[PDB]
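Enquirer: Below you'll find the structure I mean.
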Amino acid sequence: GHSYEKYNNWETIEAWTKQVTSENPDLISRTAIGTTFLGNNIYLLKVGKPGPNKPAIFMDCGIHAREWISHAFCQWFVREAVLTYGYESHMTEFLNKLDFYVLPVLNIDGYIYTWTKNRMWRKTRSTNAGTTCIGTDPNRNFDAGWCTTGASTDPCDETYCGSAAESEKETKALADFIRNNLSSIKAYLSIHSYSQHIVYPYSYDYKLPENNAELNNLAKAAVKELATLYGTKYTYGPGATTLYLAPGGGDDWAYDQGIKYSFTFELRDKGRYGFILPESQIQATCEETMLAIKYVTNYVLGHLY
Ligand SMILES: CC1(C)[C@@H]2CC[C@@]1(C)[C@@H](NC(=O)[C@@H](CC1CCCCC1)NC(=O)N[C@@H](CCCCN)C(=O)O)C2
Ligand SMILES: [Zn+2]
Ligand SMILES: [Zn+2]
Ligand SMILES: [Zn+2]
């Protein structure tokens, strides 16, 4: 049984991707962009009112297995889109003018593993040569300053970069999709947890992006919009500058492909519950995050390129 106010297992999320598409055929279409290491279909939802030459926003959740609130947020975004389209001015305009490529769970194998064996699992579930240690960090596997300082060369480590850039089927599937739809994608959004932080490029090196001033102002305003609902405090800035060196990230790779609006959203909380954020907080966390996501969407729509 699926619920937007509860954490749902992969079988429930997969069934939901099929049901939400069939219940809303004029707003949602579903495709499989590839398969995981264990052979699970990587589903992608195209959310928006169909039309010609439409710009798009790409959003992924569940790159990291244990970050259950991120998987919950992608489902909440789709929930909001189908519930408020035709009922709220902004969401109506967004779905008419833009398409949202929502990837509810990127690291499906890791997500199944958090439900079955280890709640605190982070990486993929792929095998590594010369060791029994499992998985690669997908957010250290993209081809953007790949496997430099901030990523580990050790397969037993949580930040393992992989055997090569895009060695993971999941990373290659996401990268292939963006490369194939690059002319349409205007924004990249990666949903994670926890720290209450909005990251923008660069994370693979200590360097500021070309549009640093613009991204600083946009993140500042998105953080401000998020706080209006419950007073939740978010920090923001370039990845390497305000968080840590994290090379081979999807956001930096997307930015270097020409997607100048690229953000990583680290959701609730600040360490009290960490990855084990209670189900009672899903509603509040998702509703406030919606305000930041809608602010960025509105900005992108007013600054098309
Ligand atoms: C020691 C670690 C394994 C190492 C640093 C903290 C960890 C716990 C882990 N990081 C994590 O598990 C989480 C949450 C941590 C909670 C405690 C404070 C620090 C964050 N952050 C994360 O994956 N960020 C993304 C940010 C991406 C931005 C650019 N793409 C990433 O690293 O991929 C990574
Ligand atoms: Zn993460
Ligand atoms: Zn709502
Ligand atoms: Zn402007």
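Enquirer: Each residue of the range 274-279 in order: what ³J(HN,Hα) in whole Hz does its phi give by Karplus 6.51 cos²θ - 1.76 cosθ + 1.60, θ = phi - 60°, with x for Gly and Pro?
Expert: Going residue by residue, I get x, 6, 8, 5, x, 4 Hz, with x marking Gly and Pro.
Enquirer: At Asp154 and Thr235, where each label point lies 7 Å from the Cα along Cα→Cβ, what is the point-to-point distance in nanometres?
Expert: Placing both labels 7 Å beyond Cα along the Cβ direction yields 2.6 nm.
Enquirer: Do any chymotrypsin sites (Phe, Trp or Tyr not before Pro) in the range 22-117 lie in a loop, going by DSSP, with at most 12 other beta-carbon atoms within 10 Å of their beta carbon, and if so which?
Expert: On the way: sites: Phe37, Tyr43, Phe58, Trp68, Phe73, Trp76, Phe77, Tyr85, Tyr87, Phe94, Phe100, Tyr101, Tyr111, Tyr113, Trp115; in loops: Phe37, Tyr85, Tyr87.
For chymotrypsin sites (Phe, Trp or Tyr not before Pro) across the range 22-117 that sit outside H, G, I, E and B with at most 12 neighbouring Cβ atoms in 10 Å, the list reads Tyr87.
Enquirer: Separate question: Report the net charge of residues surrounding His90, where surrounding means a beta-carbon distance below 13 angstrom and charges are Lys +1, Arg +1, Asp -1, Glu -1. Mind showing how you got there, number by number?
Expert: Working: positive: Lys97, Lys294; negative: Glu80, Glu88, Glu93, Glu225.
Residues close to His90 contribute a combined charge of -2.
Enquirer: Please give the calculated 222 nm ellipticity per residue for the chain, where each DSSP H segment of at least 4 residues contributes -39500 (n - 2.57) and the sum is spread over every residue; nearest 500 deg cm²/dmol? List each step's numbers first, then the result.
Expert: Numbers: 9 runs with 112 residues, N = 305.
-11500 deg cm²/dmol, from helical runs alone.
Enquirer: Counting just the Cα atoms, what span does the range 139-219 cover along each of its three principal axes? Round to the nearest Å and put the largest first.
Expert: 39, 30, 24
Enquirer: Checking the a/c ratio against 1.5 first, then a/b against b/c, what shape does the Cα gyration tensor give for the range 205-305? Write down the numbers at each step before the final one.
Expert: Numbers: a/c = 2.05, a/b = 1.37, b/c = 1.50.
Taking the square roots of the gyration eigenvalues as a ≥ b ≥ c, the range 205-305 is oblate.
Enquirer: I'd like the distance separating the alpha-carbon centroids of the range 130-183 and the range 268-282, in whole Å.
Expert: 27 Å
Enquirer: Where in the chain is the longest stretch that carries no trypsin sites (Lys or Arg not before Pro) classed as loop by DSSP and with at most 15 other Cβ atoms within 10 Å?
Expert: Details: sites that count: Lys6, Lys117, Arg119, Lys207, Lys233, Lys270, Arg272.
With a cap of 15 other Cβ atoms within 10 Å, the longest stretch comes to 7-116.
Enquirer: Among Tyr194, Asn141, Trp16, flag the residue with its Cα farthest along the positive direction of the charge dipole of the chain, charges on Cβ as +1 for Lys/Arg and -1 for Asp/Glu.
Expert: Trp16
Enquirer: Need one number: convex hull volume per residue for the chain, Cα atoms only, in Å³.
Expert: Working: hull volume 36.8 nm³, N = 305.
Convex hull volume per residue, Cα atoms: 121 Å³.
Enquirer: What is the extension gain from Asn217 to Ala32, computed as 0.36 nm multiplied by their sequence separation minus the C-alpha to C-alpha distance, in nm to one decimal?
Expert: Working: separation 185, 0.36 × 185 = 66.60 nm, distance 3.57 nm.
Separation in residues times 0.36 nm, less the Cα-Cα distance, equals 63.0 nm.
Enquirer: Could you give the nm distance between label points at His2 and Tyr299, where each point is 7 Å from its Cα heading toward the beta carbon?
Expert: The two pseudo-label positions are separated by 3.1 nm.
Enquirer: With the contact rule set at Cα under 8 Å and sequence spacing of 6 or more, what percent relative contact order holds for the range 49-173? All intermediate terms of the calculation are to be shown ahead of the outcome.
Expert: Numbers: 201 pairs, mean separation 28.3, N = 125.
The normalised contact order for the range 49-173 reaches 23 percent.
Enquirer: What residues qualify as long-range amide H neighbours of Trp146, i.e. H under 5 Å apart, gap of 5 or more or another chain, H built at 1.01 Å from N?
Expert: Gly248
Enquirer: Anything over 27 Å Cα to Cα? Flag those among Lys6/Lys260; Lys97/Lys260; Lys6/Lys97, in the order listed. Walk me through the numbers before you get to the answer.
Expert: Values: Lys6/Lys260 34 Å; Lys97/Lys260 19 Å; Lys6/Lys97 31 Å.
With Cα atoms farther than 27 Å apart: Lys6/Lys260; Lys6/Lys97.
Enquirer: In nm, to one decimal, how far is the modelled label at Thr12 from the one at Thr131, with both set 7 Å along Cα→Cβ?
Expert: Distance between label points: 3.3 nm.
Enquirer: Let me have the relative contact order for the chain, percent, based on Cα pairs under 8 Å that are six or more residues apart. Don't skip to the end; give the middle numbers.
Expert: Details: 655 pairs, mean separation 61.8, N = 305.
Value for the chain: 20 percent.
Enquirer: If R₀ is 30 angstrom, what is the calculated FRET efficiency for the pair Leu83 and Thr116, using the beta carbon separation as r and rounding to 0.05?
Expert: For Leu83 and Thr116, the calculated efficiency is 0.40.
With ideal geometry, Cβ positions are generated from the backbone for all residues, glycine too; neighbour counts draw on all protein chains shown. Every number in this text was worked out from the coordinates using simple rules, so none of it is lab data.
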